[PDB]
Amino acid sequence: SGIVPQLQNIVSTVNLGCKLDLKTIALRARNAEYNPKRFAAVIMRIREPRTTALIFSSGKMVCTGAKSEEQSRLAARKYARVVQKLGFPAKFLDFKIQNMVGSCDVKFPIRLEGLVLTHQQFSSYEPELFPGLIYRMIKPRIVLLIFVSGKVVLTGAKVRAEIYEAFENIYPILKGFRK
Amino acid sequence: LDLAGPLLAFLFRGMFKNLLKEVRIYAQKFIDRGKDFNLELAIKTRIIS
Amino acid sequence: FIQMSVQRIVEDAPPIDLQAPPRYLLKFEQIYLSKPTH
Amino acid sequence: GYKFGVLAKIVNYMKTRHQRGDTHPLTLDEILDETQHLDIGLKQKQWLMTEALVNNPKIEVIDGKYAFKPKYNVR
Amino acid sequence: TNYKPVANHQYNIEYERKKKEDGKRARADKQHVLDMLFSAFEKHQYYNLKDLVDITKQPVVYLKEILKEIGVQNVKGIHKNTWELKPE
Amino acid sequence: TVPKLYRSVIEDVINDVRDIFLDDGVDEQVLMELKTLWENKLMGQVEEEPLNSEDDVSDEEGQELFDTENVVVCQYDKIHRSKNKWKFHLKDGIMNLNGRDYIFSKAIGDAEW
Amino acid sequence: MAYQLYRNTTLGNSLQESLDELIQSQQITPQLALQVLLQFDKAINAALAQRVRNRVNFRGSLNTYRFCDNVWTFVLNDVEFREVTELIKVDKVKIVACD
Amino acid sequence: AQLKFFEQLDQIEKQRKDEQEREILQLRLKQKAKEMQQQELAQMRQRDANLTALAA
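Chains as they are written, first to last, in full-length UniProt numbering: chain A, 159 to 337; chain B, 470 to 518; chain C, 127 to 146, 158 to 175; chain D, 72 to 146; chain E, 151 to 238; chain F, 9 to 51, 307 to 376; chain G, 1 to 99; chain H, 942 to 966, 981 to 1011.
So, in structure tokens, the structure goes:
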């Protein structure tokens, strides 16, 4: 096809294996914020990986915003090290990539009406709710947001292979509805 | 002699009492919840109709 | 009936008083009737 | 109200002491200093000592100083 | 002009704004919650759980746990079985 | 201007503490002495558990310890952030810039992270 | 037992030092000093809320931020406090906010 | 000391007026209720002081 989706955001969860004090982490951390009224976790941000992590009192943490798997893992390790430097016995247990988001452009307008007519079983096009057509691929469990401008956003992937496979599957279908 | 008018007037008075009754109930539920209520949604047209 | 009684019934219907604090008052003033429509 | 929740707080402090594990009985005035009960009137403390401390089953009195009964709960 | 199309009702958006601004009640520390509960019992001998939740400003489940620890439910002729803030 | 506001604050403070000085039974000369002194004073890692593989992943924490630089203390009404920038509706408050004090009612701020 | 914001400023520091001097002289009891501080906090909050009717603006960059118990602890660098009447330049600033 | 005691007695004189003004109405009870309300605010207001000292 000659086009490869590029990752825009990766979500990864990792267990630190130890209970934590959210108030203490908020008071001692650098970029952390804690609003129990708003959210039950502590939201921290690190600029060099350019990512945001939510840390819960249960010891489990979620890292988002990483553009690469290596970046996500490194950012999770950095957050764990910050919590550890705050004196807690933080560890790096069962780190996993829960979801990946990728974006790309097909470089041609698309007839979402024809696409939904052909693939009604997987397509959902509601201009009232959202201008982008939602396609639910089955063989990869990937959700694709296709837009008339040609931009395609894939989500729900656990590995980059799923993103690339989903785009490879969808591209021939889209090429048949080129405007 | 009760012609169409007075008879329809009796029925309409009964149905309007009803309409205000459901209006009161619907508005009271929202007021108890503390949220304002939509007057148009409070009205049941099927009552009179 | 249409000209007098409906409007008079609506007028005579007591204003709706609600309170449970803010209190709301609903008053029905005027009757309008359009031509039969489908 | 007045002079009830303070007594409840003292009794709760006794449970906290027992989660600490200090079997040695403590003086009521020292307990008040730890619980910030200095502001309360002395007469209420005296009424507590004479009546409520003895009525409370968990509380015990040893050598003129009040503390829980280590026998009551299972060991 | 009746029932004009609208994305969301004005009362609904106002109520949602109020809820978002207020935010969910937070789970405070046991010591502070206990002190507030004891202060409330001083004002009133008998409290209903619904009003006690408003007074304490704590999650219902957390408040129920702390209240089960010390206070006890009495079945009464006031109208129904209600909590008793006296530990004994 | 700011000194005049300070004098008005002095008047408000003394008026507000008179009742407490009567409640505690202390003589009123304490307030005069307090005002005098106050004015004088003013004017492949398979085994990933070890986190030591990375170092110097932080910054100097002494800024918050020092606090010697300029400090602004106020109240916030709305604070919004959209993925890069922090926006500030800080309401009435006080600012300590280069020793000289500043007073404001509405403060609007935009910053980048 | 109040907001307790302006204590860590020039005004609060001067008041605290004066109270310390009187305490050293035994002229005032520490409870009286604490009461004076509380009353000062109330009065200063009211005074800033009421007698201040001027708007200010500022821009810059943010290097750190913290939030806990409804307390923001922003840390900005190279801030420019712009006002219609005057402009002030500062290399670094710490903004503590509460509500 | 005797003068101080006489000054103190005037306190009890005016606490008599307090009872009367209470009977005119309960003033003491109202004051106690007001005192009860502050405790919670003080605890919340206090919480900030300990953490702010740690922060700065």
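Even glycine gets a Cβ: it sits at the ideal position worked out from N, Cα and C.
Continuous beta strand (DSSP E) stretch holding residue i: start and end
i, result
"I213/A", "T209 to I213"
"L291/A", "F288 to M295"
"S14/G", "That residue, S14/G, is in no beta strand (DSSP E); its alpha helix (DSSP H) goes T10 to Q24."
"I18/F", "Counting along the chain, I18/F falls outside any beta strand (DSSP E), though it belongs to the alpha helix (DSSP H) covering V10 to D31."
"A374/F", "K369 to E375"
"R493/B", "Here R493/B belongs to no beta strand (DSSP E); instead the alpha helix (DSSP H) covers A473 to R502."
"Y137/D", "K136 to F139"
"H352/F", "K348 to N359"
"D143/C", "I142 to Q145"
"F74/G", "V71 to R82"
Member of the options whose CA lies at the smallest distance from the CA of residue i
i, options, result
"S230/A", "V172/A, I201/A, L180/A and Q279/A", "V172/A"
"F266/A", "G334/A, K254/A and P194/A", "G334/A"
"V334/F", "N70/G, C68/G, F81/G and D69/G", "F81/G"
"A374/F", "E317/F, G356/F, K350/F and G362/F", "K350/F"
"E320/A", "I300/A, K337/A, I304/A and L332/A", "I300/A"
"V162/A", "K316/A, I304/A, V264/A and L273/A", "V264/A"
"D99/G", "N63/G, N70/G and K89/G", "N70/G"
"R269/A", "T182/A, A234/A and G308/A", "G308/A"
"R344/F", "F74/G, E83/G, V84/G and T85/G", "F74/G"
"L232/A", "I292/A, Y283/A, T209/A and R294/A", "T209/A"
"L291/A", "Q278/A, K297/A and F305/A", "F305/A"
"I142/C", "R515/B, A496/B, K504/B and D505/B", "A496/B"
"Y365/F", "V56/G, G12/G, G60/G and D78/G", "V56/G"
"residue 96/E", "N224/E, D204/E and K154/E", "Any question about residue 96/E goes unanswered here, given that chain E covers just 151 to 238."
"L37/G", "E310/F, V309/F, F29/F and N315/F", "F29/F"
"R146/D", "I81/D, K74/D, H89/D and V77/D", "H89/D"
"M991/H", "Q181/E, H194/E and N224/E", "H194/E"
"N189/A", "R196/A, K195/A, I201/A and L180/A", "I201/A"
"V84/G", "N45/G, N54/G, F67/G and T9/G", "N54/G"
"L235/E", "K180/E, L199/E, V210/E and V211/E", "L199/E"
"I130/D", "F75/D, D110/D, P96/D and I111/D", "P96/D"
"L984/H", "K140/D, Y137/D, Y73/D and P141/D", "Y73/D"
"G135/D", "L113/D, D100/D, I111/D and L109/D", "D100/D"
"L174/A", "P330/A, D252/A, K316/A and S261/A", "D252/A"
"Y14/F", "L50/F, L328/F, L314/F and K348/F", "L50/F"
"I88/G", "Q326/F, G362/F and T9/F", "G362/F"
N- and C-terminal bounds of the alpha helix (DSSP H) containing residue i
i, result
"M202/A", "Note, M202/A: premise wrong, no alpha helix (DSSP H); beta strand (DSSP E) at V200 to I204."
"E137/C", "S131 to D138"
"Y143/D", "Careful: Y143/D lies outside any alpha helix (DSSP H) and carries neither H nor E."
"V36/G", "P30 to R51"
"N1005/H", "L982 to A1010"
"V274/A", "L270 to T276"
"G325/F", "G325 to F329"
"residue 145/A", "Since the first and last residues shown for chain A are 159 and 337, residue 145/A lies out of range."
Test item: CB-CB of residue i and residue j under 8 Å
i, j, result
"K177/A", "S216/A", "yes"
"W376/F", "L76/G", "no"
"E312/F", "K218/A", "no"
"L48/G", "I357/F", "yes"
"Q39/G", "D24/F", "yes"
"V336/F", "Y6/G", "yes"
"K513/B", "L488/B", "yes"
"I500/B", "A146/C", "yes"
"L966/H", "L185/A", "no"
"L360/F", "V52/G", "no"
Residue i Cβ short of 7 Å to the ligand NAD heavy atom set
i, result
"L966/H", "What this structure holds is no ligand at all, so the ligand NAD is not there to describe."
*asked:* Would you call the stretch 155-170 of chain E in contact with the stretch 102-118 of chain D, where contact means no fewer than 3 C-beta pairs closer than 8 Å?
replied: The stretch 155-170 of chain E is not in contact with the stretch 102-118 of chain D.
### Query
Three or more beta-carbon pairs under 8 Å between the stretch 219-236 of chain E and the stretch 20-37 of chain F, yes or no?
Verdict: no, contact absent.
Requested in this report: Select from the stretch 327-352 of chain F all residues with a C-beta closer than 7 Å to any C-beta belonging to chain H, and list them in chain order.
Outcome: Against chain H - using a Cβ distance shorter than 7 Å - the residues of the stretch 327-352 of chain F are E327 and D330.
Chain G contacts from the stretch 989-1008 of chain H (Cβ-Cβ distance under 9 Å) | Per Cβ criterion, the list reads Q993, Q994, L996, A997, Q998, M999, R1000, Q1001, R1002, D1003, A1004, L1006, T1007 and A1008.
| request: Identify each residue in the stretch 43-72 of chain G for which the Cβ-Cβ distance to at least one residue of chain A is less than 7 Å, and report them in chain order. | output: Taking 7 Å as the Cβ-Cβ cut-off against chain A, the residues of the stretch 43-72 of chain G that qualify are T64, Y65, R66, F67 and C68.
**Report entry** Members of the stretch 164-176 of chain E that neighbour chain A once the beta carbon cut-off is set at 7 Å
**Finding:** Look at the stretch 164-176 of chain E: the residues with a C-beta under 7 Å from a C-beta of chain A are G173, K174 and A176.
Worksheet entry | Within 9 Å of chain D by C-beta, residues of the stretch 205-237 of chain E in sequence order | Cβ contacts with chain D: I220, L235, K236 and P237.
Residues, ordered as in the chain, of the stretch 124-144 of chain D that lie near chain E by beta-carbon distance below 7 Å
Listed by position, the residues of the stretch 124-144 of chain D near chain E (Cβ gap below 7 Å) amount to none.
Does the pairing of the stretch 39-47 of chain F with the stretch 18-38 of chain G give three or more beta-carbon distances under 8 Å? The stretch 39-47 of chain F is in contact with the stretch 18-38 of chain G.
### Message
By the 9 Å beta-carbon criterion, what residues does the stretch 493-513 of chain B contribute toward chain E?
### Response
From the stretch 493-513 of chain B, only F499, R502, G503, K504, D505, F506, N507, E509 and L510 have a Cβ closer than 9 Å to chain E.
- Cβ-based contacts, 9 Å cut-off: residues of the stretch 233-254 of chain A near chain F: From the stretch 233-254 of chain A, only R235, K236, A238, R239, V240, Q242, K243, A248, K249, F250, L251 and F253 have a Cβ closer than 9 Å to chain F.
Just by C-beta distance, which residues in the stretch 4-15 of chain G are closer than 7 Å to chain H? For the stretch 4-15 of chain G, which is checked against every Cβ of chain H, the residues closer than 7 Å are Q4 and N8.
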